[PDB]
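Chemist: My questions all concern the structure below.
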Amino acid sequence: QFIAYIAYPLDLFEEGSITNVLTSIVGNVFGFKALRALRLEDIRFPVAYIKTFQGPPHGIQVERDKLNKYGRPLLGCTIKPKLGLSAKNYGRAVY
Amino acid sequence: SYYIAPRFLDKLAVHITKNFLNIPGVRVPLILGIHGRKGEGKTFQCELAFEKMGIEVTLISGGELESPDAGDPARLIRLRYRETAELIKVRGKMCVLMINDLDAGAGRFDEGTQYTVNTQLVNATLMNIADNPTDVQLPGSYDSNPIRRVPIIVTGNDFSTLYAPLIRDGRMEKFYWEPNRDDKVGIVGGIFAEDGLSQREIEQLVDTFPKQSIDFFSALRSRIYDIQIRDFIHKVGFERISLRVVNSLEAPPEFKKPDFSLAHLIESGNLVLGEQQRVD
Amino acid sequence: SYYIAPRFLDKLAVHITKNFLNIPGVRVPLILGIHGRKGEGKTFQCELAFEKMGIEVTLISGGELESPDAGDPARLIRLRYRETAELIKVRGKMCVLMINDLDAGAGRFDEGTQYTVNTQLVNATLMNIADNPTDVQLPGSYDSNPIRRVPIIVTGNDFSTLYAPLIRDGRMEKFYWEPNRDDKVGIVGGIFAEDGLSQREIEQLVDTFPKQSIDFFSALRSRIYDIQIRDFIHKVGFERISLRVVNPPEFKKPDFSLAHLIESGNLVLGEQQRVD
Amino acid sequence: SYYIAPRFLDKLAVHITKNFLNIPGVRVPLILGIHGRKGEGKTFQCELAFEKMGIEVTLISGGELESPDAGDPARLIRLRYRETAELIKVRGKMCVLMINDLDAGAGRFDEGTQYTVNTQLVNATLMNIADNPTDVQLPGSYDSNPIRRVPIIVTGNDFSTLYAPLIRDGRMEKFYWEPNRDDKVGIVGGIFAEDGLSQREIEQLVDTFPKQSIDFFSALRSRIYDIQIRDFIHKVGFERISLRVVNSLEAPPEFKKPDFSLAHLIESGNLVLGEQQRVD
Amino acid sequence: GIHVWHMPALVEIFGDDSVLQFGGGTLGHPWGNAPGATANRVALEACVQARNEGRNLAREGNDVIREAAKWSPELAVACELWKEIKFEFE
Ligand SMILES: Nc1ncnc2c1ncn2[C@@H]1O[C@H](COP(=O)(O)OP(=O)(O)OP(O)(O)=S)[C@@H](O)[C@H]1O
Ligand SMILES: Nc1ncnc2c1ncn2[C@@H]1O[C@H](COP(=O)(O)OP(=O)(O)OP(O)(O)=S)[C@@H](O)[C@H]1O
Ligand SMILES: Nc1ncnc2c1ncn2[C@@H]1O[C@H](COP(=O)(O)OP(=O)(O)O)[C@@H](O)[C@H]1O
Ligand SMILES: [Mg+2]
């Protein structure tokens, strides 16, 4: 068992597409019959390829400024059960 | 109708048989190598033996993997080995792959005196096959399924020092084939069987040239039409020998079957001896 | 199924392990030298040992240490050493360089023979690797980047005819291999383990032919088997030998009897005496 | 905690310093050549000396001074001299070139051995470097621009088999090494310093084996550790010894200090003499 | 990873309602893409013709490819390059 390092050129992939880069790397290598097992550990993205993506619509900094919440971690809750309740009974639990 | 020496046949039989046989506790050499003088007939005997047995043969030229502008020997030997293994299943008969002039016929002067990059590749490829005969792998489309083991024959003048590991390991067997008086009579007898020579006559030919290659005696038959051609030229005349033969619509030249006598063969033998003597 | 002598395996194992361990304050020899009589199983027992531990071997043949080019045998050693050092780094397991039959290349017998620069150089190279295992240079630009230490195993027939500085306690650990009665019994008992012979019967075979090498017994088995296979080919016939082999009926098992194993061995010695 | 012999340290110290210093009207040899007997510690005491002072070493192997290319070993020395000269300018500390085992490089054993031209050139290259330490020309276009002066240290068993003009007062400082009883006591005492023996006991070890090189005593210590190591291999198991040592997620094994007494050391010492006699 | 010799087995296993795609099989022909396509087409149509008549493609499959190659020069070159293999389907 070993870690293998592989380099790919920039002009091999479509700009602003996670779909294309993911299809290219992990397409037909995991079904190669001469390997028992394979796991992709990590990918390095270059600066030139990052600039083609939008990224997060807002980010951490803007989110806190819109909500006016700082100095503390945010709190959340999931309504139970997963399935069953009516629309009115759902909103009653939410309130 | 060519004669085969019993010893040569025996060495081929045992090697092929033993590899195909499945006896526990027994180790068998995969590769057999034959070294001898040139024009001994090692290649000719191999081809004949296989026909009598009826076993399929795959031939790989020595110059096909020695040439710099040929491809890749490492990729080639592997590909030929797989293809031969397929024959056994489909054909249902024993199949052998053999190589001629592994270190010769390249055009190079050394003849294994100095190694090459290409020389190293064959050693590497062969050693991998000898250790793991059951599984052989190409660059792509790796198959998990095992292949039937295939025997390998190799012929040359001599074997390089690089092969010494294999021989010590006992993975390779080396056979030195040298002709004898009995062998000569058989081979010479077979060549001239169609002509019709007495037993006493055949013995005289071998006795005339006791220390000769097998190739020489075969080459003697060729120089029987020489007298006819030389005499023919005279009737036609030197002025217009070319034009009539080269590009003219006429009856093709006809030659009566040459008379076969011992005297003619001795005279012809002497001329070839003289020429070979002067050249070397 | 093959019996390795416990003395032989322990000498190899302790040599390789100690090279790979970094015990502080101790200087270790990088070369282990095995010498003795011909055909005693110096090479064969190494291959069994390396298979057991599952450790990669880089071989250099003895008939390679003398070429028509000056320095070409010396350049090969450095090239093969650097290749093996990387295999320790990449494969992440123990790798060993084994030079077999060094006596032929770097040796110096009588003064009646004509030697070259290469004899001088092959001795010189092995000295410097043993001094600096971490600093071996490839021809061209110098790099001061350290490499992995690789142990060397060296087989020979005699080391008396070899440059004096290459044989010293600090540079080479010496091992004289002469198989004793107990070794012979084990090894011969390993060859004929499959056939089915009692301990007492194996003892008798060694006693009958005491002045024999390990190869002799293994060569004896092949002779017993070859007669049997030759007869089988004749009985079945050349015309249809392929039909009754691909898909072995009517094949009598080899003799393998103590009484005969003496008889056949005597015939081999008689054949050897004929040449002698 | 290794003992470096005062004579050896003084001789090497003064040679390097005197090159890097500039005294007007004094001409100094570039090469220092140390010779003696095998295993007296020429190479080894140099290495301790270079580490104490903390100075860079460029190493040339003696078995590298002959190649299939003509003038390629001549090119090598000229290249390595420039490389070392650059390290003085950049790093700003003393740097030294060392050719270990010159004897078997540019030397002639007998008057019957066929030599090449490379031997002739290697002698000449060192002659010219020692004459002009400042002007060494890299092949191609000429450039008259000085480089730093670099000292060279040379090891050998015998210098008697070497080109005569290369060994002379003005070109090479000669130094012959042979340790005395006081040196031996000091060095051997340095080896077993952590072990803990009395002065009288150290004397006795030297007395028992008086006709022995330094390497002999160091080789004793290797043999003592065998039992512990053999036990470790069994406990782990022969099947997976490689994994534990080379590539394992565990702390490397610890060995307790074996019993060190004069009686046990002499026992082991006689065992090493017996092994040497076996080959003799 | 399929060539002209895999044709009788693929036709029999996958049936009629299927698509057979040759990546390296068509392009890797010694003469080009156009003879490489014609070799594959002749090999397929000969097996379809033999199936309809009433012949087992396990026993007579190799015989059909050899018979079709007698009149098709494009297939004869393809049979020389790629060697015949034996499928063990029953
Ligand atoms: N331990 C063994 N078990 C079974 N067969 C052995 C064994 N040892 C040796 N043999 C056989 O006898 C031969 C021994 O010769 P080698 O392996 O070449 O070693 P060697 O001949 O002692 O080394 P040289 O020639 O002195 S450098 C082998 O080829 C085997 O066929
Ligand atoms: N000063 C020392 N202190 C401790 N051990 C030493 C000392 N000097 C030498 N040794 C040991 O003895 C060995 C001497 O080896 P070398 O340095 O090669 O001697 P040498 O005279 O250069 O040998 P030749 O002539 O090249 S063979 C070393 O491997 C050390 O283990
Ligand atoms: N048994 C034989 N009967 C007839 N001709 C033979 C025989 N053996 C060899 N030859 C002749 O030898 C020539 C080919 O030699 P070849 O087989 O290549 O020998 P080698 O491989 O030893 O060089 C041909 O002219 C062939 O007729
Ligand atoms: Mg030294």
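All residue numbers here begin at 1 and follow the chain in the order shown.
Recorded method is electron microscopy, 2.9 Å.
Cβ coordinates are placed from backbone N, Cα and C, and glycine is handled just like the others.
According to Swiss-Prot:
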type	residues	note
BINDING	D:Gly36, D:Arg37, D:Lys38, D:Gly39, D:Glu40, D:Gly41, D:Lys42, D:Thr43	ATP binding site
Chemist: Please list residues from the chain of D:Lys42 (ATP binding site) whose Cβ is under 8 angstroms from its Cβ, counting only those at least six apart in sequence.
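Modeler: In sequence order, D:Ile34, D:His35, D:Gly36, D:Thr155, D:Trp177 meet the Cβ cut-off.
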Chemist: May I have the list of same-chain residues other than D:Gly36, D:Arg37, D:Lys38, D:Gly39, D:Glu40, D:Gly41, D:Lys42, D:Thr43 whose Cβ is within 8 Å of the Cβ centroid of the recorded ATP site, in sequence order?
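Modeler: Other same-chain residues with Cβ inside the cutoff are D:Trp177, D:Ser213, D:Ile214, D:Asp215.
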Chemist: In which DSSP state, out of helix, strand and coil, do we find D:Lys42 (ATP binding site)?
Modeler: helix
Chemist: Are there any residues at least 6 positions away along the chain from D:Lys38 (ATP binding site) with a Cβ closer than 8 Å to its Cβ? List them or say none.
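Modeler: Correct list: D:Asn157, D:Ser213, D:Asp215.
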Chemist: Let's check the environment of D:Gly41 (ATP binding site): how many other CB atoms sit within 10 Å of its CB?
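Modeler: Summing over all protein chains shown, D:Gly41 (ATP binding site) has 23 other Cβ atoms within 10 Å.
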Chemist: With the Cβ under 6 Å from ligand 4 as the test, give me the qualifying entries from the binding-site residues D:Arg37, D:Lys38, D:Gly41.
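Modeler: The binding-site residues passing the 6 Å Cβ test: none.
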Chemist: So if the criterion is CB under 8 Å to a CB of chain C, which of the binding-site residues D:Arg37, D:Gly39, D:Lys42 qualify?
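Modeler: Listed in sequence order, the binding-site residues near chain C are D:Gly39.
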Chemist: Sequence gap of 6 or more, Cβ distance under 8 Å: name the residues on the same chain that satisfy this around D:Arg37 (ATP binding site), in order along the sequence.
Modeler: D:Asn157, D:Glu178, D:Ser213
Chemist: Please report the number of other Cβ atoms within 10 Å of the Cβ of D:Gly36 (ATP binding site).
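Modeler: Result for D:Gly36 (ATP binding site): 18 neighbouring Cβ atoms inside 10 Å.
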